[PDB]
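Worksheet: the structure to be examined is printed underneath.
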Amino acid sequence: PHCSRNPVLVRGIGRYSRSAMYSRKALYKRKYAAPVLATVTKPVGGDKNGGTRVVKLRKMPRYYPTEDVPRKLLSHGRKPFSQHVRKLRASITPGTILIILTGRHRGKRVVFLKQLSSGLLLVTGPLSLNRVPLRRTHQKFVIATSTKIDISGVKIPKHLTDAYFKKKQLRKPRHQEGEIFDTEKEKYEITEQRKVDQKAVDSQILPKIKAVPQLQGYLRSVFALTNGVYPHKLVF
Amino acid sequence: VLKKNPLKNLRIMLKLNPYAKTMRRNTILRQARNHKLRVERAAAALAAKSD
Amino acid sequence: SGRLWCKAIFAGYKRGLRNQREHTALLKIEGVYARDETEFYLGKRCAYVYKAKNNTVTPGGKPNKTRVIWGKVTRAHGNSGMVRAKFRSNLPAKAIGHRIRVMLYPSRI
Amino acid sequence: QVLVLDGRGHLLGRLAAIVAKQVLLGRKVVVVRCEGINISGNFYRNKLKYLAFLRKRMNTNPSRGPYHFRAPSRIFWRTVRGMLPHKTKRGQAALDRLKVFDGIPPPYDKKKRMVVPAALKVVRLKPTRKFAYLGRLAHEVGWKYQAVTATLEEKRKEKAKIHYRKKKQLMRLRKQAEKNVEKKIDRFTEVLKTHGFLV
Amino acid sequence: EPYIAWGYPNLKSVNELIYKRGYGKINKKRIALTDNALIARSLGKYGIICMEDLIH
RNA sequence: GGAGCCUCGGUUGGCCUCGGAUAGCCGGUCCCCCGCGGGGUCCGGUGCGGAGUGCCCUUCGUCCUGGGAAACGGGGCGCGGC
RNA sequence: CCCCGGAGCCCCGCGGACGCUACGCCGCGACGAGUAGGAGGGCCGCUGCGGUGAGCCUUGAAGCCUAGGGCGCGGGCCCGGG
RNA sequence: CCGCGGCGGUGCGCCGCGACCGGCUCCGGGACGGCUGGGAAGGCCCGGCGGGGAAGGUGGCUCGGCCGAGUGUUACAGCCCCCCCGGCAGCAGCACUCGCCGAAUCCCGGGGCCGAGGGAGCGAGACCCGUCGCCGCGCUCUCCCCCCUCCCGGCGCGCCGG
Ligand SMILES: [Mg+2]
């Protein structure tokens, strides 16, 4: 149950030596003096007449495809998306103000909350101010304006995550022929647990943003480029 | 085999040359010691300017 | 509720005197006129918004007549704020002197 | 979306190269007061240059051959046409974009006009050198309307003097209004100078 | 002289030219030096069995 | 007041002094001349131009009610006149 | 101190392809201009003949046209409609 | 049929993102060697010595209000400059960026572009797979200790025990 003995000096490079790690791990004093045809393998079964049947769990298949592809070469370095490292830009801190650029909420200024467990930024503009729900965004699609409120004394709910922000439509077993199968019903509900979570989060955000003067006006405003204003010229 | 650059790939550099581990352990540890000593010299210089 | 893109000019293609490499476009972004200040736009998603006769689809709306040719700003071009782009489809070469849109959301700053 | 350039004091080819490039970059440019264009080198040099240009003409049919435009606006159009790729469709579109005027017309006399210091005589020529006005050059080659343009420019200089007098009156009203209001915009004026205005 | 540029290189120059551009002639083939076993098989009878021996 | 075809460019505007480059911009004009204005003398403020195109002007979320600073302003492609 | 009708293994000296038209398949390294000319491969094309396809065809052969689908670097070829 | 439970080719089209590799092109930093064992420079100046442009002077003239400015005349040092007798941390070819060669006397981090194409299980009761060489590291077969402690347990926001 012991943790890492040497510190991460450079990523991929040990810190002390071979010999100092030898002396710390103590391979000294751990010099250890340590030098079918008849029976069935795995049946699970039983029968009344004829004795007990010898069944075959995970039996042979009934059709083999006439052509098939071979195996691969194990690809040597690949990790799935749930096992990646999660990056953060230096301007995105918990408590900053973001300019959202690509969605239907385009040009809006949002109090940032936290980085989720999927690389997606948690986003909560005040619904009374900017009409923004609990919404995920991405780091590449967002200009991070350097205006940082004090936010560390809040209580975000732990149950909201990437599994909580997930769409649930497009089910299989319908009749699939006619004037049916998801062309109708025209709607999607609000799921009022989302409303209760939005109230419990913006009721903690709002007295910490109405203390700064004109900050609620800056959040109710929308960002837009105009004549004579260029992003390599203005600083944010 | 794809030729990976030994000047950019540390474990390829170690496969070709195992002494590069100590060659990069030094000039990190020694340069960190020298940076600490220069920060200490700057702190002593600021103490001499204050005195 | 306003503009979210920067004004630019499709000034021409990557070319010599008598050659032409149509797979690389030259883009003059308005406002920047130097090699030092065009480091902001390196990698920005850019497009040529046009329209035609037949109605085509639109993501997030009804079908309309507008069309785009998307791309990506590759690197700068020679000391005066001119920059290069490589689109996923080549430009018609009728867009000489017309607007393109360099967006703001490969944002790294 | 339209540049209005003044031809006063600007050099001929120095202005024409910038105009040709900015019109090929897809921008409407209106160059105006083109008889105020001055050309470096003195008057006898520039006059014999244009007289040699007049001598270059087609022997068999001069009406078919080179068209020798005498007006200064069309001389500027010619020296931009010699820089534009006018044998192509984009060059003909650039010639359609460019609008050149002698004097300054009532569609453009009440517009703020621009000055190019990269093509201007005080910036580019040494003050000990010589030059020649394109208006005098055109009038002594054969352009007819220097005096009519002079009287029309005198009329509009009187009108612009009246307008600038009214602008000075509005500006003294603006300054005395700021003097009256600077007690009640005390925290409106300060929040501009803490961010970089009015200082 | 007029077709070449020749000089006296440095230790780090030899290091870049052998690690980054390490191409050996094994059975008259331009094979990359991705392992010390290639040099140890080709020049094992000459005392040069690794990249460091070759650079030295 | 209405859909419906074709062709496209666009993505706030700037509604204006002349003028010199070894100079120029702005005031009252106590002083003078000319037809309220212009011009001349003296004086005063800046001049890498803040009476700045390195500039100026418009906000680009909405509506509910209930206070403070400021304001009699805006509108009905407002009706008639100069 | 035992056999692999099975030690269960990055290697199975026990028979040993999915990979083998061996005139085939596969793995590295270098190179790729061309007239006159020389050589090689054409499952490129025409005509007739000896074999061969239990070949095609009036429920539509050859030929011809094609704003159709394609393949081959190419010579050309296979379909869809009349 | 409910299972996206595991494997394989994948999607009708338009796309986006993440991490990793190869080739590049740039940026921000950190510290090192040589020199004429760098040159002048930054700070306190000390007891002497010589020379030269010409200054809170002297002084012919000019311009103004006892005072200020310009010019010239001998020229000391109280305007300065250079050289010799002799010495103190104060330097890092230095973000007081005044000009070099550079790198086992050298390394870290970041941004932008292009591309991924190769496929060592076709076994009947036994896994439809890992990985080969290199740098490591974590656990276990050795035992203790300190702190933060979060899923959890106890006590009065704090403390105690993977
Ligand atoms: Mg449109």
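By order of appearance in the structure tokens: chains A, B, ..., then residues from 1 within every chain, and ligands from 1 in the order shown.
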
Please build the interface table for chain F against ligand 1 with a cut-off of 12 Å, listing for each qualifying residue the nearest atom pair and the distance in Å to one decimal; count only C-alpha atoms (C1' of nucleotides) and all ligand atoms, order rows by chain and increasing number, and write it as a Markdown table.
| residue | atom | partner | partner_atom_place_in_ligand_line | distance |
| --- | --- | --- | --- | --- |
| F:8 | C1' | ligand 1 | 1 (Mg) | 10.9 |
| F:9 | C1' | ligand 1 | 1 (Mg) | 10.5 |
| F:10 | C1' | ligand 1 | 1 (Mg) | 8.0 |
| F:11 | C1' | ligand 1 | 1 (Mg) | 8.4 |

Would you kindly return, as a PDB file with N, CA, C and O atoms (P, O5', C5', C4', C3', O3' and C1' of nucleotides), in the first residue's frame, each protein, DNA or RNA residue with an atom no farther than 10 Å from any atom of residue F:25, considering only C-alpha atoms (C1' of nucleotides) and excluding same-chain residues fewer than 4 positions away?
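Output below, filename around38.pdb:
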ATOM      1  P     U F  46       0.626  74.585 -21.549  1.00  0.00           P
ATOM      2  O5'   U F  46       1.034  73.215 -22.245  1.00  0.00           O
ATOM      3  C5'   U F  46       1.348  73.176 -23.627  1.00  0.00           C
ATOM      4  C4'   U F  46       0.393  72.296 -24.390  1.00  0.00           C
ATOM      5  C3'   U F  46       1.016  71.512 -25.532  1.00  0.00           C
ATOM      6  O3'   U F  46       1.633  70.313 -25.098  1.00  0.00           O
ATOM      7  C1'   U F  46      -0.960  72.570 -26.291  1.00  0.00           C
ATOM      8  P     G F  47       3.174  70.019 -25.446  1.00  0.00           P
ATOM      9  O5'   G F  47       3.206  69.936 -27.038  1.00  0.00           O
ATOM     10  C5'   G F  47       2.444  68.961 -27.731  1.00  0.00           C
ATOM     11  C4'   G F  47       2.491  69.160 -29.225  1.00  0.00           C
ATOM     12  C3'   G F  47       3.864  69.279 -29.854  1.00  0.00           C
ATOM     13  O3'   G F  47       4.531  68.036 -29.958  1.00  0.00           O
ATOM     14  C1'   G F  47       2.389  70.849 -30.832  1.00  0.00           C
ATOM     15  P     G F  49       1.689  63.027 -30.231  1.00  0.00           P
ATOM     16  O5'   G F  49       0.790  64.275 -30.642  1.00  0.00           O
ATOM     17  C5'   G F  49       1.148  65.593 -30.242  1.00  0.00           C
ATOM     18  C4'   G F  49       0.262  66.644 -30.869  1.00  0.00           C
ATOM     19  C3'   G F  49      -1.243  66.463 -30.667  1.00  0.00           C
ATOM     20  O3'   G F  49      -1.864  67.733 -30.471  1.00  0.00           O
ATOM     21  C1'   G F  49      -0.750  66.550 -32.981  1.00  0.00           C
ATOM     22  P     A F  51      -7.307  68.818 -26.663  1.00  0.00           P
ATOM     23  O5'   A F  51      -7.929  68.838 -28.129  1.00  0.00           O
ATOM     24  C5'   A F  51      -8.981  67.951 -28.501  1.00  0.00           C
ATOM     25  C4'   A F  51      -9.707  68.396 -29.753  1.00  0.00           C
ATOM     26  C3'   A F  51      -8.829  68.847 -30.922  1.00  0.00           C
ATOM     27  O3'   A F  51      -9.437  68.448 -32.153  1.00  0.00           O
ATOM     28  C1'   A F  51     -10.305  70.593 -30.323  1.00  0.00           C
TER      29        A F  51
END

task: Could you tell me how far atom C1' of residue F:37 lies from atom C1' of residue F:18, in Å and to one decimal?
output: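 Computing the Euclidean distance for atom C1' of residue F:37 and atom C1' of residue F:18 yields 17.5 Å.
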
- request: Rank E:13, E:22, E:3, E:30 by their smallest atom-to-atom distance to chain G, using only C-alpha atoms (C1' of nucleotides), and report the top residue only.
  value: E:30

- request: Dump as a VMD selection string the residues of chain B that approach chain A to within 10 Å, counting only C-alpha atoms.
  value: chain B and resid 10 to 11 21 to 22 24 to 25 28 to 29

Within 9 Å of stretch 144-150 of chain D, counting only C-alpha atoms (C1' of nucleotides), which residues show up once you throw out same-chain ones fewer than 3 positions away? Write them as a PDB file with C-alpha atoms, in the first residue's frame, please.
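Contents of around_17.pdb, as written:
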ATOM      1  CA  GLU D  35      -5.248  68.231 -60.876  1.00  0.00           C
ATOM      2  CA  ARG D  70      -5.763  65.144 -71.619  1.00  0.00           C
ATOM      3  CA  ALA D  71      -7.794  65.474 -68.406  1.00  0.00           C
ATOM      4  CA  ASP D 102     -11.440  66.237 -61.774  1.00  0.00           C
ATOM      5  CA  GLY D 103     -12.123  68.771 -59.072  1.00  0.00           C
ATOM      6  CA  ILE D 104     -14.464  67.353 -56.460  1.00  0.00           C
ATOM      7  CA  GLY D 135      -3.239  70.546 -63.650  1.00  0.00           C
ATOM      8  CA  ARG D 136      -0.747  72.935 -65.251  1.00  0.00           C
ATOM      9  CA  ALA D 138      -2.827  69.129 -68.580  1.00  0.00           C
ATOM     10  CA  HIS D 139      -3.757  72.755 -69.288  1.00  0.00           C
ATOM     11  CA  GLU D 153     -13.331  75.126 -56.237  1.00  0.00           C
ATOM     12  CA  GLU D 154     -13.398  78.768 -55.104  1.00  0.00           C
ATOM     13  CA  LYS D 155     -17.175  78.504 -54.591  1.00  0.00           C
TER      14      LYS D 155
END

task: For stretch 32-35 of chain C, please output as a VMD selection string all residues within 9 Å (counting only C-alpha atoms (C1' of nucleotides); exclusion window: fewer than 5 positions along the same chain).
output: (chain A and resid 230 232 to 233) or (chain C and resid 76 to 83)

Output of the above residues as a short mmCIF file (atom, residue, chain, number, x, y, z; two decimals), in the first residue's frame, restricted to N, CA and C atoms:
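And here is the file that came out, part-v8.cif:
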data_model
loop_
_atom_site.label_atom_id
_atom_site.label_comp_id
_atom_site.auth_asym_id
_atom_site.auth_seq_id
_atom_site.Cartn_x
_atom_site.Cartn_y
_atom_site.Cartn_z
N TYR A 230 -10.13 44.91 -33.12
CA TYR A 230 -9.51 43.70 -33.63
C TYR A 230 -8.93 42.89 -32.48
N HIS A 232 -6.40 40.93 -32.07
CA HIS A 232 -4.98 41.06 -31.81
C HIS A 232 -4.64 42.41 -31.19
N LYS A 233 -5.56 43.38 -31.24
CA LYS A 233 -5.35 44.68 -30.61
C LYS A 233 -5.90 44.73 -29.19
N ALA C 76 1.66 32.22 -41.25
CA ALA C 76 1.76 33.58 -41.77
C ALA C 76 2.49 33.61 -43.10
N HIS C 77 2.37 34.74 -43.80
CA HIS C 77 2.94 34.91 -45.13
C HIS C 77 3.63 36.27 -45.23
N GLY C 78 4.91 36.32 -44.85
CA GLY C 78 5.79 37.38 -45.29
C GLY C 78 5.58 38.80 -44.80
N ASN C 79 5.82 39.05 -43.51
CA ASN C 79 6.17 40.34 -42.92
C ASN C 79 5.09 41.42 -42.95
N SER C 80 3.90 41.16 -43.51
CA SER C 80 2.95 42.25 -43.67
C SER C 80 1.54 41.86 -43.24
N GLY C 81 1.41 40.87 -42.36
CA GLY C 81 0.10 40.46 -41.89
C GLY C 81 -0.66 39.55 -42.83
N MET C 82 -0.15 39.31 -44.03
CA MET C 82 -0.71 38.29 -44.90
C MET C 82 -0.48 36.92 -44.28
N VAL C 83 -1.48 36.05 -44.41
CA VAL C 83 -1.48 34.77 -43.72
C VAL C 83 -1.93 33.72 -44.73
#

- prompt: Do you have the atom CA of residue A:135-atom CA of residue A:123 distance handy?
  reply: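 Interatomic distance, atom CA of residue A:135 to atom CA of residue A:123: 5.0 Å.
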